[PDB]
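Starting off, we have a lone chain in the form solved without its partner chain, written out as structure tokens.
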């Protein structure tokens, strides 16, 4: 399954739950949240576009980094 990596401007520890919540609501995802590197990696059949839009529902700055 594709593994898409995103920069997410996660500024505090609460952002692990925040990101977990929006991704869980989308569903069909397994992820790893790297708070120190402000990066989220998502294993999914969802498009880069669907994942980008989903992460942006947090209200944060999100950019696509590429594949893991």
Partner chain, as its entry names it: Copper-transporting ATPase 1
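The term rigid core refers to the most C-alpha atoms you can superpose between the two forms while keeping them within 1.5 Å. Numbering follows the first chain given and starts at 1.
- Superposing on the core and measuring CA offsets in 7 other deposited structures of this protein, the stretch of 40-48 and 10-18 with the greater mean deviation is 10-18.
- Look at the C-alpha B-factors of 1-9 and of 59-67. On average they run higher in 59-67.
Although not depicted, the form solved in complex with its partner chain is the subject of the following passage.
- Shown alone here, residue 17 lies within 4.5 Å of its partner chain in the bound PDB entry, counting heavy atoms only.
- When its partner chain is considered in the bound PDB entry, residue 52 lies well away from it, no heavy atom lying within 4.5 Å.
- In the bound PDB entry, its partner chain lies within 4.5 Å of some heavy atom of residue 58.
- Among heavy atoms of residue 48, none comes within 4.5 Å of its partner chain in the bound PDB entry.
- Residues 11, 12, 13, 14, 15, 17, 18, 21, 22, 25 are the members of 8-25 with a non-hydrogen atom no more than 4.5 angstroms from its partner chain in the bound PDB entry.
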